[PDB]
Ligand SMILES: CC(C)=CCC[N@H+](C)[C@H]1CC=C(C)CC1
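What follows is a single chain, given as structure tokens, in the form solved without the ligand.
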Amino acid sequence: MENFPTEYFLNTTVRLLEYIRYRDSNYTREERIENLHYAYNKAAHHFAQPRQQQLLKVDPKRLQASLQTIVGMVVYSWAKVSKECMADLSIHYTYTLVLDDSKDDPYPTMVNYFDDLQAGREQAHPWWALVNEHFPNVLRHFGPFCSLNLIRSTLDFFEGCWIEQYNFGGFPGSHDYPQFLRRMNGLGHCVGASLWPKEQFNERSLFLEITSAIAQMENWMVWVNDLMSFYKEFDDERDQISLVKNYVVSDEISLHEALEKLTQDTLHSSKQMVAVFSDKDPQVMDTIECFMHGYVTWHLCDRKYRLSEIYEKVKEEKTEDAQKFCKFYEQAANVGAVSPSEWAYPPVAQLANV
């Protein structure tokens, strides 16, 4: 397919939004902006500190771009958590996003990882040094079980990045590779457990639902992301590996077949998500429904995924899908589309220079 599956894409997206029950929220734009700025402001000051500035080797521009995409992701999806929680999660997920930027071999700095860890010595790898120092600010919002999940997933993520450094799409015939890697760097368990602050949820009382939420949320979150990202990544000769591209290489199937597989998982995942949590604790179903919706809004509104382009193409096309799509889009935009100038300021560099 030298061309983007525009039709096919539009279809599944609508089906997906329908399945999850994509609709309006009592989360106003004035509320969204309130939070966006709160989160961004705390994070910005954090990354602007000299220590963070030294140890984190990231280009100023990308750091700004990353922080902004992450604050957005967090505020729009963790709708029911506190302002401080959105902020702290924003800092954590910004660190993770930034690590996918390093080309640097982890190996030499990981040689004494466990011995330093057990001894309480600052880690050799600067990233760990920063993240582990910051971690308590995130972990304070959760109980021990949810905390353990955040810790593991982040550790899993670190290995994932390491593996990704080899741009390996898996050996042909290695069917278990693709999902193995995707889970490794999807932060699924991190996301899943960070949805339940101990301030508004009892980890022990809701242990079974939380666990189930983590288990199911992990795959939904990553597959929805892989799907929504399929468009930007299509003509990106720079991005060589991805769940879909890897299915292709490892499963030895066509890109169509691979994209096919993703869609079946995504939709089935959606259907089962609702099936399971509808009749459960209302507060749980609420956090979950909001995350799914917010997560979708975010993808549709953040420039990174460039979905606006797909809009301004089928904008006046008159097929069923086409319209149901554009309708959903505009819905998002209403509370989603927000000029950065309304919340993301001043730039991190400016704060860093002061």
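Start at 1 with the first residue shown and count on from there.
Below: the form deposited with the ligand bound, not depicted.
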Check: Closest heavy atom of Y295 to the ligand in the deposited complex, within 4.5 Å or not?
Finding: yes
Margin query: Can you work out whether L97 and the ligand are in contact in the deposited complex, taking contact to mean some heavy atom pair no more than 4.5 Å apart?
Written below: yes
Check: Taking heavy atoms and a 4.5 Å cut-off, does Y329 contact the ligand in the deposited complex?
Finding: no
Note to self: Taking the ligand as it sits in the deposited complex, is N185 in contact with it (heavy atom to heavy atom, 4.5 Å or less)?
What the structure shows: yes
Next item on the list: Would you point out which of 65-73, 33-41, 319-327, 49-57 contains residues with a non-hydrogen atom within 4.5 Å of the ligand in the deposited complex?
Entry: 65-73
Margin query: Within 4.5 Å, heavy atoms only, which of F157, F201, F277, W128 is in contact with the ligand in the deposited complex?
Written below: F157
Item checked: Partner-contacting position among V248, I210, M86, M221 - heavy atom within 4.5 Å of the ligand in the deposited complex -> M221
